[PDB]
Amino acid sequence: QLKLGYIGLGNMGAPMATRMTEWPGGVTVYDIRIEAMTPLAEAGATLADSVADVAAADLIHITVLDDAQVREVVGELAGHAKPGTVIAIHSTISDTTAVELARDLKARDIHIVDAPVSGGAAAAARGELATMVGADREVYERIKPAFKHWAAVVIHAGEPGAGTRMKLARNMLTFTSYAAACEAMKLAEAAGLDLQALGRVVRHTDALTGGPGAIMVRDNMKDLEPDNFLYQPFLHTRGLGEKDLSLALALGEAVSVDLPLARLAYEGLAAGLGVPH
């Protein structure tokens, strides 16, 4: 089994690394803060002296602040990594950084992989993360078993860079819906409602229904045609969506609250669902 390395033990790095102490190949960890590393030692991780020390691992994980730090760390590992070594980047980077680093290191058999994760420290600890991976198919196949130890969902997104691109689509939804949630709270408050109660309803019902992902049941964005079994149901949902959004927008005007995300959604929903008017 693959011997693991981990560099960067921050709020996601530490728990993934902790989960990797349960991996029979074992994990060698590094971070500059003595306090990020002490608990991993207690969990049974081998503590490394330096980034170069971690380069002896077969599969080296990196979760650091930004692209600049990733390049710095990758550059240091590259001086020592043996041929066949995989380097997985889990923290936030531009997709071009993954393309670039993979491209520069391929000739020395050092395989760069961008493998952003979602969602949560707790899930990381339990090995229930989703990861979206950009890699050579051959490289993806060799590391999948290792990835499956800490991720419940492992997607091969495409070549290096594709992982990042899938993460950007996924997280654009996350943060746009957070903005939408705050808009819903502003409306609720102007209506004299308990916002914490609303929050409880939303969270309970999204656990029942699955959440925003419930509408993601199409394999392309072509407009739906009447012969499609999905057609009448999406037509139905469009009617519901347009009704409820117009009702909400009317409430917004009644209680003097601007609702620009709702307004945009109201205008665009039909076209987005593939059932335009």
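Just count from 1 along the sequence shown to find any residue number.
Note on 135 to 143 vs 191 to 199: mean CA B-factor is higher in 135 to 143. Stretches 102 to 110 and 85 to 93 differ in mean CA B factor, with 102 to 110 having the higher one.
The deposited CA B-factor of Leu245 belongs to the lowest third of values across its chain. Annotation for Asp206: CA B-factor lies in the lowest third of the chain's modelled residues. In this PDB entry, the Cα temperature factor of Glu72 sits in the top third of its chain's modelled residues, the highest group. For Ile7, the recorded CA B-factor ranks within the middle third of the chain. Only modelled residues enter the ranking. When the CA B factors of the chain's modelled residues are split into thirds, the value for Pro212 lands in the lowest one.
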